[PDB]
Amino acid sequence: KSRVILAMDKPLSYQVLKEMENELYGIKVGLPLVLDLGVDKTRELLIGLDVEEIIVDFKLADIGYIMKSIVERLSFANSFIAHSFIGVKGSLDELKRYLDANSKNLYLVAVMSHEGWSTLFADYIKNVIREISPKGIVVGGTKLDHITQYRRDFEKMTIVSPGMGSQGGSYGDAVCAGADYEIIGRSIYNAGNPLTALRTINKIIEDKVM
């Protein structure tokens, strides 16, 4: 089975997604897509797809009232990504209660892949993650050391890792470091043949994993 989550930050056709459906673990929908296609067209695009997870990633980072106002308009999603750094009281606690009541999963951003991401607040972020107890956490694919350490610190958590391909991540390295799934965007959706690239990347990963 595939370990890839498609970061659909540019539109792909419905027919393409239907082939990918059984060769992806999930699809991660971002603001760039929702602003390109619009909300209605975005929902239509995702309807028939049989993937384990439809994740909405608007990198949620506001007070609870606002984060809840956002996600209630995105009920087609199974899961949602929010930032850990915003903290618990009056922000993530309120969102967690909401998602729990509405049968949605929460993934929290722990480490990002760009150089500008500060390492300085790992302890704070880990504490936030411990209090909230999300389904999963996002640990950057350029940040292999942190993936292994987060895997150590959170053995039962789903770990998802973006930054594979364009941002530097060599396919399968994040999974080998301890991630469950790799989030891949441009490497697929900007390829000549997105399905072919997904199949090639899947092959690379299942070789590395083994």
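Throughout, we count residues from 1 along the sequence that is shown.
Engineer: Please compare 153-161 with 58-66 and name the stretch with the higher mean C-alpha B-factor in the deposited structure.
Structural biologist: According to the PDB entry, the answer is 153-161.
Engineer: Averaging the C-alpha B factors as listed in the entry, name the stretch that ends up higher: 168-176 or 45-53.
Structural biologist: Result of the comparison: 45-53.
Engineer: Which listed residue, 91, 78, 84, 119, has the largest C-alpha temperature factor in the record?
Structural biologist: When the deposited C-alpha B-factors of 91, 78, 84, 119 are compared, 119 is largest.
Engineer: Hey, out of 147, 29, 37, 183, whose CA B-factor is highest in the deposited coordinates?
Structural biologist: When the deposited C-alpha B-factors of 147, 29, 37, 183 are compared, 37 is largest.
Engineer: Mind checking which third residue 188 falls in for C-alpha B-factor across the chain?
Structural biologist: Within its chain, residue 188 is a lowest-third residue by C-alpha B-factor, going by the deposited values.
Engineer: Classify residue 210 as lowest, middle or highest third according to the C-alpha B-factor given in the PDB entry, relative to its own chain.
Structural biologist: For residue 210, whose C-alpha B-factor we compare with every modelled residue in the chain, the answer is the highest third.
Engineer: What third of its chain, lowest, middle or highest, does the C-alpha temperature factor of residue 198 fall into?
Structural biologist: Within its chain, residue 198 is a lowest-third residue by C-alpha B-factor, going by the deposited values.
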